[PDB]
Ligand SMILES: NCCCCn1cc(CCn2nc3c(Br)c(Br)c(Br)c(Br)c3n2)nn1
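Single chain ahead, written as structure tokens, the form deposited without the named molecule.
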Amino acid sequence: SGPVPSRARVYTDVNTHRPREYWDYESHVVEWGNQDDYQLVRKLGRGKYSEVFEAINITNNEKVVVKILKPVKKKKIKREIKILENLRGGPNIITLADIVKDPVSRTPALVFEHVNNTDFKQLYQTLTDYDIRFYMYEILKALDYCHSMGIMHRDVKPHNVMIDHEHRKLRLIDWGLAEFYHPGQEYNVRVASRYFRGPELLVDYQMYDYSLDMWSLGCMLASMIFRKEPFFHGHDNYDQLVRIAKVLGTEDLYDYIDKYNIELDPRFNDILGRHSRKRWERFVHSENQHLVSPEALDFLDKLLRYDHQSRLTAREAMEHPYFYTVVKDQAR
């Protein structure tokens, strides 16, 4: 008798009800643009999976961002393309503008809309309490959309949230690790940064769903309101769960493991130990108290649950009192 199966609480069957081609990305045929339309201007950064450049589309003098892909299986490229195309036009989702291939090297490049990003290592030091609520709400719009479209981002973290603070514009980017949710499908648990991995990934529970993104969002929120980046700073996959357990407690952890009949890696037995569930007040100090409020802590608590089924959905999260003033302002 192995682990208890799990199904997404919401948006469970959205992909089943769509045509096969919506989610069957291995069959996707890429529509290629003209690489000569783009002249690279300057290098913007290096990623795990790509080199990122600023470019100009010389056919319309539009500034774009070009991610030249490092070698990866074509099906992973098809997946990212299919997901980006499925989500195009969705709220706060980065827009894929073109897909080109260098005719000599055969290296593919994804061409995106440009976003005048403010560096989060300089932005987060200036964000107000209202700013955090505002941008969290904007992230939730993107997550509710992609979840409703049958897609888990699986790499929610500050580096994948581009913010043009001057225009109060937000884009959730870097969909190369996202996947389609299918009920009963088992997924890879080692895909994104450990600091934002939900406990289900850390205990190798593979039948997870959209709620993994909600854990990651909670980790982001904690780091923003407490000014501690990353919040759960584990040394490895095992230590990561210890860091969580020292805050959320081991009792809720073992209850979760028992409920889903999860076989815990023998390493965890020694290192997890016994820990009380702590109060969030212990992370509040004079440098971050202007960002911490009862509503922030209530919201954070409802995201950071071991049991993925008990975390707020993106839509429930948007109804939380933490966002009341944001919702009122956006309505006028």
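Sequential numbering from 1, following the sequence displayed.
Quick note: we don't show the form deposited with the named molecule bound, though the next part is all about it.
For the interface check, one of 276-284, 289-297, 302-310, 44-52 should have non-hydrogen atoms within 4.5 Å of the named molecule in the deposited bound form; which one?
One stretch meets the cut-off, namely 44-52.
Answer yes if any heavy atom of residue 119 is within 4.5 Å of a heavy atom of the named molecule in the deposited bound form; otherwise answer no.
Because a heavy atom of residue 119 falls inside 4.5 Å of the named molecule in the deposited bound form, the answer is yes.
Could you confirm whether residue 174 comes within 4.5 Å of the named molecule in the deposited bound form, counting heavy atoms only?
Residue 174: yes, in contact with the named molecule in the deposited bound form.
Taking heavy atoms only, is residue 94 within 4.5 angstroms of the named molecule in the deposited bound form?
Residue 94 belongs to the contact set for the named molecule.
With the partner left out here, check for me: in the deposited bound form, does some heavy atom of residue 112 sit within 4.5 Å of the named molecule?
Looking in the deposited bound form, residue contacts with the named molecule include residue 112, since a heavy atom lies within 4.5 Å.
Option touching the named molecule, based on a heavy atom within 4.5 Å in the deposited bound form, out of 167, 259, 159, 88:
For this set of options, the contacting one is 159.
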